[PDB]
Structures are given as structure tokens and as C-alpha cells.
Amino acid sequence: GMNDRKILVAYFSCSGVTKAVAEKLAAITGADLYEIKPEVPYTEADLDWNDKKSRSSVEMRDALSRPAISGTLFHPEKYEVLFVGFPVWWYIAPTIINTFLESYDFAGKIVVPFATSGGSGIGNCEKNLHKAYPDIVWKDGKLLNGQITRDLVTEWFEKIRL
Ligand SMILES: Cc1cc2nc3c(=O)[nH]c(=O)nc-3n(C[C@H](O)[C@H](O)[C@H](O)COP(=O)(O)O)c2cc1C
Ligand code: NA
């Protein structure tokens with residue numbers, strides 16, 4: 001279970017919703033936290049999904065976009081379980097999550113996705129990640145827009161056999 005693991009909760013958050021979820025997961029599980037920080041922070045304008053020319057619109061229609069991240073984990077291999085959280089952007093993971101997954105060799109490493117959203121599910125995000133990084137030990141993830149309890153998290157660990 002959660003006590004049986006060295007855990008890192010890594011997350012990307014622009015408006016703080018996913019950050020608050022990450023902090024709660026960490027509090028419950030006793031995990032360490034890592035903020036995936038962009039080298040160039042996203043502004044309000046950048047995040048305007050109604051503007052086809054906004055940074056986020058342009059990045060998200062480019063399958064090869066890789067926003068740069070500020071900083072590096074020194075000993076990521078010391079963590080046995082990595083949770084990776086993000087807002088849903090255009091039905092998938094933001095491409096900074098691709099930058100993150102490609103910054104380390106996560107082959108053979110247990111990764112559990114989580115997300116927040118304005119209504120869309122995490123399933124489409126997961127299927128795309130599963131195909132993009134087949135050598136990661138992906139465990140079933142969760143959309144976490146609701147109430148996160150210690151029972152929800154302990155069941156989750158049970159369901160994914162951690
Ligand atoms: C560029 C952009 C695209 C988004 N795309 C979706 C989407 O496809 N489906 C959805 O339900 N919400 C979408 N959202 C809403 C975010 O997923 C949601 O507001 C999230 O909780 C924000 O998390 P954050 O505060 O940690 O940045 C989008 C938000 C942005 C800024
Ligand atoms: Na896999």
C-alpha cells in the first residue's frame with residue numbers, strides 16, 4: 001500500500017486546480033511533490049482556448065511541441081511510484097507532460113496519471129500516453145475533479161495493486 005512505497009507526485013498546473021489535487025494526494029499518501037515548472041510561464045492570454053493563435057492552441061495542435069521545463073530531478077530512480085498530474089488540454093495531456101516523460105528514462109517505472117478538467121474524462125489522455133510510451137509500467141489513472149478522501153486513495157492503490 002501507500003506506506004509500502006517511496007512515492008513522488010509530479011504535476012503541471014496553471015490555474016492551481018491540479019496543484020491543489022496534487023497537494024492533497026501527497027498529504028494522504030505521504031509522497032514527495034514535484035512541480036513541473038515551464039521555463040516560460042503560461043499567461044492568461046497563452047491559455048485562451050477561444051483564440052486559435054494562443055500559445056496553448058498552437059502547441060496543442062503540434063504533436064511534436066515540447067515546452068521546456070525549468071530544473072531536473074537528481075535521483076528520480078529513488079521513487080518506486082510516480083503519479084503524474086495535469087489539466088486536460090484539448091482532450092489529452094499538455095505537451096509539457098511529454099517533455100517531462102522524455103527527460104528521464106522511465107522504461108520499467110510505475111507511473112500513475114491523474115488529471116483535472118472542465119468536464120472531459122482522463123481516458124483519452126491515458127490511451128494516448130499508453131501508445132506514446134509503451135515501455136512505462138502504466139497503472140490505471142483517475143480524473144480527480146471531485147472530493148478526494150483517504151478511502152478513495154486507498155481503494156485506488158488496491159485496484160492498481162500497489
Ligand atoms: C488550453 C486549455 C485547454 C483545455 N482543454 C480542456 C478539455 O479538452 N476538456 C476539459 O474538460 N477541460 C479543458 N480545459 C480546462 C482545464 O482542464 C481545467 O480548467 C483544469 O482544472 C485546469 O487545471 P489547472 O488549474 O491545474 O491549470 C482546458 C484548459 C486550457 C487552459
Ligand atoms: Na506499458
# chains A, B, ... in the order shown; residues from 1 in each chain; ligands from 1
>>> residues_near_ligand(ligand="ligand 2", cutoff="7 Å", atoms="only C-alpha atoms and all ligand atoms", output="mmCIF file with N, CA and C atoms, in the first residue's frame")
data_model
loop_
_atom_site.group_PDB
_atom_site.id
_atom_site.type_symbol
_atom_site.label_atom_id
_atom_site.label_comp_id
_atom_site.auth_asym_id
_atom_site.auth_seq_id
_atom_site.Cartn_x
_atom_site.Cartn_y
_atom_site.Cartn_z
ATOM 1 N N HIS A 130 -0.446 5.658 -23.224
ATOM 2 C CA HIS A 130 -0.087 4.265 -23.304
ATOM 3 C C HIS A 130 0.605 3.914 -24.632
ATOM 4 N N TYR A 133 4.286 5.896 -24.880
ATOM 5 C CA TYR A 133 5.378 5.390 -24.015
ATOM 6 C C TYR A 133 5.057 3.968 -23.579
ATOM 7 N N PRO A 134 5.135 3.032 -24.520
ATOM 8 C CA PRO A 134 4.670 1.656 -24.220
ATOM 9 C C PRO A 134 5.496 0.927 -23.147
ATOM 10 N N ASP A 135 6.724 1.374 -22.936
ATOM 11 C CA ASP A 135 7.664 0.762 -22.015
ATOM 12 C C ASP A 135 7.542 1.243 -20.566
ATOM 13 N N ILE A 136 6.691 2.231 -20.324
ATOM 14 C CA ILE A 136 6.319 2.635 -18.971
ATOM 15 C C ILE A 136 5.332 1.632 -18.384
ATOM 16 N N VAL A 137 5.452 1.371 -17.069
ATOM 17 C CA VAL A 137 4.522 0.456 -16.366
ATOM 18 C C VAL A 137 3.331 1.325 -15.946
ATOM 19 N N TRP A 138 2.412 1.545 -16.901
ATOM 20 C CA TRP A 138 1.261 2.400 -16.617
ATOM 21 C C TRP A 138 0.239 1.677 -15.759
#
>>> closest_atom_pairs(of="chain A", to="ligand 1", cutoff="6 Å", atoms="only C-alpha atoms and all ligand atoms", output="Markdown table")
| residue | atom | partner | partner_atom_place_in_ligand_line | distance |
| --- | --- | --- | --- | --- |
| A:13 | CA | ligand 1 | 26 (O) | 3.4 |
| A:14 | CA | ligand 1 | 27 (O) | 3.5 |
| A:15 | CA | ligand 1 | 25 (O) | 3.2 |
| A:16 | CA | ligand 1 | 25 (O) | 4.0 |
| A:17 | CA | ligand 1 | 25 (O) | 3.7 |
| A:18 | CA | ligand 1 | 26 (O) | 3.5 |
| A:19 | CA | ligand 1 | 26 (O) | 5.5 |
| A:47 | CA | ligand 1 | 31 (C) | 4.5 |
| A:49 | CA | ligand 1 | 1 (C) | 5.0 |
| A:56 | CA | ligand 1 | 1 (C) | 5.0 |
| A:87 | CA | ligand 1 | 17 (O) | 4.0 |
| A:88 | CA | ligand 1 | 17 (O) | 3.9 |
| A:89 | CA | ligand 1 | 5 (N) | 3.4 |
| A:90 | CA | ligand 1 | 8 (O) | 3.3 |
| A:91 | CA | ligand 1 | 8 (O) | 3.8 |
| A:116 | CA | ligand 1 | 21 (O) | 4.4 |
| A:117 | CA | ligand 1 | 17 (O) | 3.4 |
| A:118 | CA | ligand 1 | 11 (O) | 3.4 |
| A:119 | CA | ligand 1 | 11 (O) | 3.7 |
| A:120 | CA | ligand 1 | 11 (O) | 3.6 |
>>> atom_distance(atom1="CA of residue 142 (chain A)", atom2="CA of residue 158 (chain A)")
13.5 Å
>>> residues_around(residues="residue 29 (chain A)", least_positions_apart="6", cutoff="12 Å", atoms="only C-alpha atoms", output="ChimeraX atom specification")
/A:1-9,22-23,81-83,148-154,156-157,162
>>> write_last_selection(atoms="N, CA, C and O atoms", output="short mmCIF file (atom, residue, chain, number, x, y, z; two decimals), in the first residue's frame")
data_model
loop_
_atom_site.label_atom_id
_atom_site.label_comp_id
_atom_site.auth_asym_id
_atom_site.auth_seq_id
_atom_site.Cartn_x
_atom_site.Cartn_y
_atom_site.Cartn_z
N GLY A 1 0.85 -1.23 0.00
CA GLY A 1 0.00 0.00 0.00
C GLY A 1 0.86 1.25 0.00
O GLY A 1 2.07 1.18 -0.26
N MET A 2 0.24 2.39 0.32
CA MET A 2 0.89 3.72 0.28
C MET A 2 2.08 3.87 1.21
O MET A 2 3.04 4.59 0.91
N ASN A 3 1.99 3.21 2.36
CA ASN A 3 3.09 3.13 3.30
C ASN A 3 4.22 2.22 2.78
O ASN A 3 5.40 2.39 3.14
N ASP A 4 3.86 1.27 1.92
CA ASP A 4 4.83 0.33 1.34
C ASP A 4 5.73 0.92 0.21
O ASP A 4 6.59 0.19 -0.32
N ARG A 5 5.57 2.22 -0.11
CA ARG A 5 6.20 2.82 -1.30
C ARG A 5 6.88 4.18 -1.05
O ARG A 5 6.44 4.99 -0.21
N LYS A 6 8.00 4.40 -1.76
CA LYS A 6 8.52 5.75 -1.93
C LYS A 6 7.85 6.35 -3.15
O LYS A 6 8.05 5.88 -4.27
N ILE A 7 7.09 7.41 -2.92
CA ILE A 7 6.22 7.96 -3.94
C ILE A 7 6.59 9.41 -4.25
O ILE A 7 6.87 10.20 -3.34
N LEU A 8 6.54 9.75 -5.54
CA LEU A 8 6.64 11.14 -6.00
C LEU A 8 5.35 11.49 -6.75
O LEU A 8 4.94 10.73 -7.62
N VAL A 9 4.70 12.58 -6.35
CA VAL A 9 3.58 13.17 -7.08
C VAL A 9 4.14 14.34 -7.85
O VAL A 9 4.46 15.40 -7.26
N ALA A 22 -2.91 17.65 -6.35
CA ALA A 22 -1.58 17.05 -6.08
C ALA A 22 -1.17 17.16 -4.62
O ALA A 22 -0.69 16.22 -3.99
N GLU A 23 -1.39 18.33 -4.04
CA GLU A 23 -1.04 18.54 -2.65
C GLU A 23 -1.85 17.66 -1.73
O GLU A 23 -1.33 17.13 -0.75
N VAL A 81 7.13 4.70 -7.14
CA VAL A 81 5.87 5.05 -7.79
C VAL A 81 5.87 6.52 -8.11
O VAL A 81 6.15 7.33 -7.23
N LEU A 82 5.53 6.88 -9.34
CA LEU A 82 5.38 8.24 -9.78
C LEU A 82 3.93 8.49 -10.21
O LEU A 82 3.41 7.78 -11.06
N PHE A 83 3.26 9.43 -9.53
CA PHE A 83 1.99 9.96 -10.02
C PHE A 83 2.31 11.16 -10.86
O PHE A 83 3.19 11.97 -10.50
N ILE A 148 -11.68 14.22 -2.78
CA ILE A 148 -10.65 13.19 -2.64
C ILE A 148 -10.50 12.83 -1.17
O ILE A 148 -10.07 13.66 -0.38
N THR A 149 -10.83 11.58 -0.82
CA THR A 149 -10.81 11.08 0.56
C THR A 149 -9.68 10.06 0.70
O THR A 149 -9.16 9.54 -0.31
N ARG A 150 -9.31 9.76 1.93
CA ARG A 150 -8.35 8.72 2.19
C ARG A 150 -8.89 7.34 1.70
O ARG A 150 -8.13 6.50 1.23
N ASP A 151 -10.20 7.12 1.77
CA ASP A 151 -10.78 5.88 1.22
C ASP A 151 -10.64 5.78 -0.31
O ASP A 151 -10.34 4.71 -0.84
N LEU A 152 -10.86 6.88 -1.01
CA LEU A 152 -10.70 6.89 -2.47
C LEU A 152 -9.28 6.50 -2.87
O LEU A 152 -9.06 5.67 -3.77
N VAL A 153 -8.30 7.07 -2.17
CA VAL A 153 -6.90 6.82 -2.49
C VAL A 153 -6.49 5.40 -2.10
O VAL A 153 -5.86 4.68 -2.88
N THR A 154 -6.88 4.93 -0.93
CA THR A 154 -6.52 3.56 -0.56
C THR A 154 -7.15 2.53 -1.53
O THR A 154 -6.50 1.54 -1.90
N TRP A 156 -7.85 3.08 -4.63
CA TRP A 156 -7.08 3.25 -5.86
C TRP A 156 -5.80 2.40 -5.84
O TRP A 156 -5.53 1.64 -6.80
N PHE A 157 -5.06 2.47 -4.73
CA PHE A 157 -3.85 1.66 -4.58
C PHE A 157 -4.20 0.19 -4.66
O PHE A 157 -3.46 -0.60 -5.25
N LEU A 162 -0.86 -1.67 -5.90
CA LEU A 162 0.25 -1.07 -5.20
C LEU A 162 0.00 -1.06 -3.69
O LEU A 162 -1.10 -1.32 -3.21
#
>>> atom_distance(atom1="CA of residue 143 (chain A)", atom2="CA of residue 80 (chain A)")
21.9 Å
>>> atom_distance(atom1="CA of residue 69 (chain A)", atom2="CA of residue 46 (chain A)")
16.4 Å
>>> residues_around(residues="residue 74 (chain A)", least_positions_apart="5", cutoff="12 Å", atoms="only C-alpha atoms", output="count of residues only")
4
>>> closest_residue(among="A:59, A:72, A:159, A:10", to="residue 111 (chain A)", atoms="only C-alpha atoms")
A:10
>>> select_by_dssp(residues="region 6-82 of chain A", states="strand (DSSP E)", output="PyMOL selection string")
chain A and resi 7-11+32-35+81-82
>>> write_last_selection(atoms="N, CA and C atoms", output="compact mmCIF listing (two decimals), in the first residue's frame")
# COMPACT_ATOMS: atom_id res chain seq x y z
N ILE A 7 7.09 7.41 -2.92
CA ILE A 7 6.22 7.96 -3.94
C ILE A 7 6.59 9.41 -4.25
N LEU A 8 6.54 9.75 -5.54
CA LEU A 8 6.64 11.14 -6.00
C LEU A 8 5.35 11.49 -6.75
N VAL A 9 4.70 12.58 -6.35
CA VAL A 9 3.58 13.17 -7.08
C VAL A 9 4.14 14.34 -7.85
N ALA A 10 4.22 14.19 -9.16
CA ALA A 10 4.68 15.26 -10.05
C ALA A 10 3.43 15.87 -10.71
N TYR A 11 3.40 17.18 -10.90
CA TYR A 11 2.22 17.80 -11.51
C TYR A 11 2.56 19.08 -12.27
N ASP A 32 6.37 12.71 -1.72
CA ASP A 32 7.03 13.93 -2.09
C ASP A 32 6.28 14.55 -3.25
N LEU A 33 6.49 15.84 -3.45
CA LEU A 33 5.85 16.62 -4.52
C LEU A 33 6.89 17.18 -5.46
N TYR A 34 6.58 17.25 -6.73
CA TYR A 34 7.44 17.92 -7.73
C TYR A 34 6.54 18.70 -8.69
N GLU A 35 6.74 20.02 -8.73
CA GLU A 35 6.07 20.88 -9.70
C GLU A 35 6.85 20.91 -10.99
N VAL A 81 7.13 4.70 -7.14
CA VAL A 81 5.87 5.05 -7.79
C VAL A 81 5.87 6.52 -8.11
N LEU A 82 5.53 6.88 -9.34
CA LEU A 82 5.38 8.24 -9.78
C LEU A 82 3.93 8.49 -10.21
>>> select_by_dssp(residues="region 4-157 of chain A", states="alpha helix (DSSP H)", output="ChimeraX atom specification")
/A:17-29,55-60,95-101,123-132,150-157
>>> closest_residue(among="A:106, A:114, A:12, A:42", to="residue 140 (chain A)", atoms="only C-alpha atoms")
A:114
>>> closest_residue(among="A:145, A:70, A:124, A:95", to="residue 36 (chain A)", atoms="only C-alpha atoms")
A:70
